[PDB]
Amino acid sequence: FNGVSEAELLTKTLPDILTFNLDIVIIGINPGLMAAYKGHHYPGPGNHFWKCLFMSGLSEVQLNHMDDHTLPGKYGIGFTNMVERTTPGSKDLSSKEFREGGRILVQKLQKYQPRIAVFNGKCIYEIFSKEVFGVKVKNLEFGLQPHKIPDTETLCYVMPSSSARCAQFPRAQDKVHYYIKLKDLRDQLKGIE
């Protein structure tokens, strides 16, 4: 990491990119090493987020992590994470951390009230749902969820993690459907006013 130790990166955090009146908030699991290094969302050379955002038409050009600060004003997209703490993988986080994260995340969403809270990962929505709605899902599905963030009109939309670690959706192509459906949901909500 250009002479920067893994030990130093694990201490770093990644600032949220949140404003009011957003259409979408991308909720990641937590910052990975490269995200902590760069100070930008999804720089992972293999992470599919920026590729899926373009292939779906949520961005009209291929953007990258360096553009994340332009996303609220130009595309109506913000960013946060279920957990603040940096680690190399999603399995380095404890259940307590996730639940402490969900409580902080629900307050952030209740403050900014985006049209749609996007869970970039199934695992984080499984914990979120149980913690915030008291609902333990039997057959948890991707896409639009039946509960709004409490005391808001904010919807919950779930996608497989943009991380390339996930073998069930091996390519950015295998996840674009969900980004397209997200775009469709947004265009519907903007049309409904």
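Think of the rigid core as the biggest set of C-alphas that the two forms share within 1.5 Å after superposition. Counting begins at 1, following the sequence as shown.
After a core fit, the C-alpha atoms in 6 other deposited structures of this protein lie farther on average from the shown form in one of 129-137 and 28-36, namely 129-137. When the other structures are laid on the shown form by the rigid core, the stretch among 7-15 and 170-178 with the greater C-alpha deviation in 6 other deposited structures of this protein turns out to be 7-15.
In this entry, 131-139 shows the higher mean Cα temperature factor of the pair 131-139 and 155-163.
For the two regions 145-153 and 47-55, the entry's Cα B-factors average higher over 145-153.
Ranked within its chain, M66 lands in the middle third, by CA B factor from the PDB record.
Annotation for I104: CA B-factor lies in the middle third of the chain's modelled residues. Sort the modelled residues of the chain by CA B factor and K181 lands in the middle third. Ranked by C-alpha B-factor against the other modelled residues of its chain, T86 falls in the middle third. Among the modelled residues of its chain, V25 has a C-alpha B-factor that falls in the lowest third, as given in the PDB entry.
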